[PDB]
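All remarks here apply to the structure that follows.
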Amino acid sequence: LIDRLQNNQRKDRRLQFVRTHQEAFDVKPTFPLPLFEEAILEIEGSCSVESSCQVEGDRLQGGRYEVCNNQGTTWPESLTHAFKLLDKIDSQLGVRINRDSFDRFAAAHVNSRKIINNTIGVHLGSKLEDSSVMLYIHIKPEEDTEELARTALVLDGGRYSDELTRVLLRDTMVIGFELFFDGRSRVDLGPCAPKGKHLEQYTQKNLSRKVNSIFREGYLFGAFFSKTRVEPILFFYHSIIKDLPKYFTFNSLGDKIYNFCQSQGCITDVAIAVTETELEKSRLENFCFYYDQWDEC
């Protein structure tokens with residue numbers, strides 16, 4: 001009985017995270033946000049909700065969430081949530097989804113024992129056609145996962161140097177599939193470091209001093225590469241929110257997100273996603289700010 005009651009309370013907290021974020025950042029409940037809220041209520045067990053704001057100068061896009069079960073391995077049953085969501089979204093008039101890459105990856109690795117889960121997520125854009133479904137595959141850190149990374153690399157179809165190919169083949173811990181509602185899709189390969197030594201080395205040899213001076217200060221460092229990206233997007237994960245001002249200076253919108261985060265409970269970690277190029281600037285104008293809340297808080 002107590003497990004059942006706790007289970008209903010997690011579901012309520014999940015929704016409250018998502019709603020509190022909409023309130024704080026003036027997000028309109030535009031398609032597909034209502035549908036997404038219904039979808040995450042169907043996830044069993046305890047979930048983490050990772051909300052974010054994409055900032056672009058004085059523009060802020062706040063209707064961005066990734067949700068997943070945070071209690072061990074739910075692959076491949078976690079796929080059912082993704083497919084249900086995609087089915088609901090595709091049936092919307094004026095929405096077109098190219099799910100080929102995700103379907104092929106899912107088909108290929110359904111029986112893999114090296115995958116923790118997939119997430120489900122949505123990113124609202126300024127208009128319907130710029131909005132997307134976002135799906136991340138989280139790979140087990142302590143497995144040799146070259147075969148997963150190869151499949152993703154093939155679906156991405158980018159051409160990388162020998163050095164970067166090895167980083168991607170060996171240290172990829174997350175794979176992103178972004179499905180835009182105008183029919184564009186993207187595959188992100190996500191090498192991470194606390195796996196990691198190839199990314200660390202690549203970073204030390206190739207990336208700016210500013211990147212090198214901060215990337216080991218959080219508990220995790222990641223970079224997303226894609227054929228679609230001229231340069232990777234770098235992610236800096238921190239478990240102590242108050243440490244962010246030590247390493248980043250924000251434009252006004254970033255300060256607002258930062259302040260909001262420091263007043264909110266239940267936050268287990270934050271991340272700043274930014275390009276090397278944008279990190280060179282005196283102030284961050286173009287970046288994404290992520291924060292993660294656990295529904296048992």
Side-chain angles (χ1 to χ4, degrees), residues 11 14-15 17-19 21-23 25-43 47 49-56 59-69 74-110 117-138 151-152 154-158 174-190 224 226-229 233 273 288 290:
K11 289 178 180 182
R14 232 172 268 180
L15 190 48
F17 300 151
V18 166
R19 292 282 169 75
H21 183 81
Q22 290 166 29
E23 298 182 329
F25 301 107
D26 299 23
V27 182
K28 300 311 183 258
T30 305
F31 185 90
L33 196 32
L35 277 171
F36 184 66
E37 291 178 357
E38 297 175 311
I40 70 186
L41 288 182
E42 299 188 316
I43 301 167
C47 287
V49 178
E50 192 169 30
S51 308
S52 63
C53 297
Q54 180 166 74
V55 176
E56 223 174 88
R59 299 197 156 277
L60 186 148
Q61 179 52 243
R64 301 159 54 86
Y65 309 99
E66 297 310 318
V67 180
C68 67
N69 180 289
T74 48
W75 183 267
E77 59 272 5
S78 57
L79 290 166
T80 55
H81 297 298
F83 294 133
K84 277 167 155 54
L85 179 61
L86 292 171
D87 286 348
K88 300 216 145 190
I89 290 163
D90 232 322
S91 44
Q92 192 62 20
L93 182 74
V95 167
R96 182 161 171 165
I97 294 294
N98 187 345
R99 56 171 101 181
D100 290 359
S101 292
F102 184 72
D103 286 340
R104 285 159 67 192
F105 183 95
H109 298 296
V110 64
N117 66 37
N118 65 273
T119 61
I120 52 163
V122 290
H123 301 166
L124 217 33
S126 56
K127 45 189 168 59
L128 182 60
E129 297 78 11
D130 285 5
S131 296
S132 65
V133 169
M134 182 80 238
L135 306 166
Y136 287 109
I137 310 292
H138 291 288
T151 304
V154 164
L155 301 175
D156 170 66
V174 193
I175 300 162
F177 295 90
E178 187 155 24
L179 297 72
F180 294 97
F181 298 168
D182 63 354
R184 283 180 295 124
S185 69
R186 193 184 72 256
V187 181
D188 274 345
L189 273 91
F224 279 126
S226 188
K227 194 179 184 287
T228 288
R229 289 181 192 272
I233 181 158
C288 282
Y290 288 86

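The residues of the chain are indexed from 1 along the displayed sequence.
Checked against the 6.0 Å centroid criterion, the rings of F105 and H109 qualify as a close aromatic pair. No close placement of the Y290 and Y65 rings is indicated, their centers lying 6.0 Å or farther apart.
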Test side-chain contact (heavy atoms from CB on, under 4.5 Å) on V122 and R64 and set out the steps. CA-CA 6 Å; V122 290; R64 301 159 54 86; over 6 Å; no

Take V174 and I137 through the side-chain contact (heavy atoms from CB on, under 4.5 Å) test and state the conclusion after the steps. CA-CA 6 Å; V174 193; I137 310 292; over 6 Å; no

Kindly indicate, with the supporting measurements, whether the criterion side-chain contact (heavy atoms from CB on, under 4.5 Å) is fulfilled by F36 and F31. CA-CA 9 Å; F36 184 66; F31 185 90; over 6 Å; no

Does the side-chain contact (heavy atoms from CB on, under 4.5 Å) test come out yes or no for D182 and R96, once each step is laid out? CA-CA 5 Å; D182 63 354; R96 182 161 171 165; over 6 Å; no

Please step through salt bridge (charged side-chain N to carboxylate O under 4.0 Å, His left out) for the pair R99 and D90, ending with a clear verdict. CA-CA 10 Å; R99 56 171 101 181; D90 232 322; 3.0 Å; yes

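Side-chain atoms of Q54 and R59, non-hydrogen and from C-beta on, never get closer than 4.5 Å to each other. Using a 4.5 Å cut-off on side-chain heavy atoms (C-beta onward), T119 and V67 make no contact. Between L33 and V27 the shortest side-chain heavy-atom distance falls below 4.5 Å. Between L86 and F102 the shortest side-chain heavy-atom distance falls below 4.5 Å. Between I43 and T74, the closest side-chain pair of non-hydrogen atoms is not below 4.5 Å.
Although no hydrogens or angles enter the test, the distance criterion places a donor-acceptor pair under 3.5 Å between the side chain of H21 and the main chain of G62. Looking at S226, its side chain does come within 3.5 Å of a backbone N or O of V187 through a donor-acceptor pair. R14 places a side-chain N or O within donor-acceptor distance of the main-chain N or O of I40, the cut-off being under 3.5 Å. Under a 3.5 Å cut-off, the side chain of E23 and the backbone N or O of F25 do not form any donor-acceptor pair.
Atom CZ of residue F177 and atom CG of residue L135 lie 8.0 Å apart, to the nearest 0.5 angstrom. Between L15 atom CG and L41 atom CG the span is 5.5 Å, to the nearest 0.5 Å. With values rounded to the nearest 0.5 angstrom, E77 atom CD is found 9.0 Å from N69 atom CG. Remark: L128 CG to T30 OG1 distance equals 9.5 Å, nearest 0.5 Å. Once rounded to the nearest 0.5 Å, the distance linking CG of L179 with OG of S185 reads 6.0 Å. With rounding to the nearest 0.5 angstrom, the CD atom of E66 is 6.0 Å from the CE atom of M134.
The nearest pair of heavy atoms linking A152 to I175 is CB-CD1, 3.7 Å.
The number of heavy atoms from other shown groups lying within 6.0 Å of CD (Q92) is above 12. Within 6.0 Å of the NZ atom in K84, the count of heavy atoms belonging to other residues, nucleotides or ligands does not exceed 12.
Between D156 and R229, none of the side-chain N atoms (NZ, or NE/NH1/NH2) sits under 4.0 Å from a carboxylate O, so this pair counts as no salt bridge. Under the 4.0 Å criterion applied to side-chain N and carboxylate O atoms, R184 and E178 are not assigned as salt-bridge partners.
Under the 30°/60° scheme for interplanar angles, the aromatic rings of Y136 and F224 are found to lie parallel.
A side-chain N or O of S78 and one of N118 form a donor-acceptor pair less than 3.5 Å apart.
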